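Numbering (the authors' numbering), first residue to last: 915 to 1053.
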Amino acid sequence: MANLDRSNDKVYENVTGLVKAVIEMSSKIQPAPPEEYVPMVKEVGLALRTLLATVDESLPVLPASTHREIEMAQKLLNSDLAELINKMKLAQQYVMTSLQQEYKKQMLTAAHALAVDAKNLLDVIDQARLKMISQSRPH
């Protein structure tokens, strides 16, 4: 029952990091221009990429039982992402018009589910990690 925040940190990081941004980005979103936003979102999406790989390393980090769910969760996050990425690709063009705050708001919405999505990700894992704790700790 030590602090195994070694590799679980990398996994728990992306999740948070991306999340912490999902929100923050929302704040600096309104202002964030179409030149600084295009990437902004691109970043969140980029993080996912690495996150996926990170998960693979986390897969084992957790006890057998939170595999499928985890896998299904990955697609879950991406989902919102994909829809989030598109939202941007549009906002980028639906900003110079005038109905920015409108479309921009939409993004926020996802940001809400996103934060959760990312949560439900580890949330499940958290249920696994324990599955190991209260069972038979090896190392």
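Where is the CB? At the ideal position from N, CA and C, for every residue including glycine.
Close Cβ partners of residue i (< 8 Å) along its chain, the five nearest in sequence each way excluded
{"i": "residue 933", "result": "1028, 1029, 1032, 1033"}
Cβ pair residue i, residue j closer than 8 Å
{"i": "residue 940", "j": "residue 1025", "result": "yes"}
{"i": "residue 990", "j": "residue 962", "result": "no"}
{"i": "residue 966", "j": "residue 988", "result": "yes"}
{"i": "residue 1018", "j": "residue 943", "result": "yes"}
{"i": "residue 985", "j": "residue 921", "result": "no"}
Length of the line joining the Cα atoms of residue i and residue j
{"i": "residue 1007", "j": "residue 931", "result": "27 Å"}
{"i": "residue 927", "j": "residue 1010", "result": "34 Å"}
{"i": "residue 946", "j": "residue 998", "result": "16 Å"}
{"i": "residue 915", "j": "residue 1051", "result": "8 Å"}
{"i": "residue 919", "j": "residue 950", "result": "33 Å"}
{"i": "residue 964", "j": "residue 973", "result": "14 Å"}
{"i": "residue 917", "j": "residue 1016", "result": "45 Å"}
{"i": "residue 952", "j": "residue 1049", "result": "47 Å"}
{"i": "residue 1044", "j": "residue 948", "result": "44 Å"}
{"i": "residue 993", "j": "residue 935", "result": "17 Å"}
{"i": "residue 1053", "j": "residue 957", "result": "36 Å"}
Sequence-distant residues of its chain with Cβ nearer than 7 Å to residue i (five each side left out)
{"i": "residue 1046", "result": "977"}
{"i": "residue 955", "result": "998, 999, 1002"}
{"i": "residue 1035", "result": "929, 987, 991"}
{"i": "residue 968", "result": "924, 925, 928"}
{"i": "residue 1020", "result": "1001"}
{"i": "residue 975", "result": "921, 922, 925"}
Cutoff 6 Å; reference residue i; Cβ partners in own chain excluding five residues on either side
{"i": "residue 995", "result": "959, 962"}
{"i": "residue 1022", "result": "940"}
**OP:** Could you tell me whether the stretch 1033-1053 touches the stretch 969-986, using the rule of 3 or more Cβ pairs below 8 Å?
**Re:** yes
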